[PDB]
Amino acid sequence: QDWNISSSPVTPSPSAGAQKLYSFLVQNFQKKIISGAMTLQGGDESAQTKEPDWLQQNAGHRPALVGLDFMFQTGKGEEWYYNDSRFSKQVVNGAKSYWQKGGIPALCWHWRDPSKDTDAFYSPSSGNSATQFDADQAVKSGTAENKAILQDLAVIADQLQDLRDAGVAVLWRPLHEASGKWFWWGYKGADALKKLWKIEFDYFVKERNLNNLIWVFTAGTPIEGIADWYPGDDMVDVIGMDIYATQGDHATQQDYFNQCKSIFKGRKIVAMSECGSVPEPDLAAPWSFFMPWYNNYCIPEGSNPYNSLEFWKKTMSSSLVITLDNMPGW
């Protein structure tokens, strides 16, 4: 079955930066694999680039992609972050900085309980301290939940607008891992998820004129029945998988790659939007990019690390792998 990927992103009149980023992904897809690393946001300034910095010093190159999260930008009790000058622009500045170096900012958002009754993003089926926030109500005009999500969306849009006005484009991966139902946005199932995606997509793209985003839909794990969760080809640019293999297992995850090609009819670039152990670079399973999670998921610890020093040295020197030093500059 053929690939059938659009040369333009879904956003009408994408920014110059977004079209360059999207074209870079299209032209490298199936030929090279873009290296990435997640970072941990919060009150630790020093630590904001620790994973890319470790990779530079130990493996000889920074990843081409850096991950950042708006999780503290809104939420009950998070004023220490979103009202502090040291932290209220941490995500924008991190994204700006990496873009200016020629890298790819990949943004997500562990979206805390929009009601502000709790500070939680985890759902009642997660096994963790949960929010009761009801996505089915959030997608209905005129409910308290709807008002709450629109307030939070305005705050995040303000940040993304700062990026837009600076010429920065990003991978934007909202409402992620919905199918696991462990976050409130997926907890009510596919119907509310798709309606939330549309509310956000329309608000960002149409109402706020945010033309600088490349939209990443996270298709699993779990992948079963994901077709019913898909927002549609007109609101997604990239299919991302979040696959956490056994610790130390660098299997290529070929079967998940093939499933994303089949399920989405070859219409979208396929990426490993989160992982623990990184899939071995392999053009038979050519993830557009990979992104291990932060801390020990990237920087090795112990005798069976997720990504050992020797694995990283090999991976970041491979001709298959794009590092920050291979980027053209935007």
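Counting begins at 1, following the sequence as shown.
S.K.: When the Cα temperature factors in the entry are averaged, is it 75-83 or 171-179 that ends up higher?
M.R.: Result of the comparison: 75-83.
S.K.: Could you check which stretch, 214-222 or 128-136, carries the larger mean CA temperature factor in the entry?
M.R.: That would be 128-136.
S.K.: Checking the record values for 35, 273, 41, 303, which has the greatest CA B factor?
M.R.: By C-alpha B-factor in the record, 303 ranks first.
S.K.: Going by the CA temperature factor in the entry, name the top one among 113, 207, 242, 200.
M.R.: Going by the entry's C-alpha B-factors, 207 comes out highest.
S.K.: Consider only the C-alpha atoms of the modelled residues in this chain, order them by B-factor as the entry records it, and name the third containing residue 28: lowest, middle or highest.
M.R.: According to the entry, residue 28 has a C-alpha B-factor in the chain's middle third.
S.K.: Using the B-factor values recorded in the entry, state whether the Cα atom of residue 67 falls in the lowest, middle or highest third among the modelled residues of its chain.
M.R.: For residue 67, whose C-alpha B-factor we compare with every modelled residue in the chain, the answer is the lowest third.
S.K.: Per the entry's values, where does residue 295 land by CA temperature factor relative to the rest of its chain, in the lowest, middle or highest third?
M.R.: Within its chain, residue 295 is a middle-third residue by C-alpha B-factor, going by the deposited values.
S.K.: Within this chain, which third does the Cα B-factor at residue 94 fall in: lowest, middle or highest?
M.R.: Its C-alpha B-factor belongs to the lowest third of this chain's values.
S.K.: Quick one: classify residue 106 as lowest, middle or highest third of the chain based on its Cα B-factor.
M.R.: For residue 106, the deposited C-alpha B-factor lands in the lowest third.
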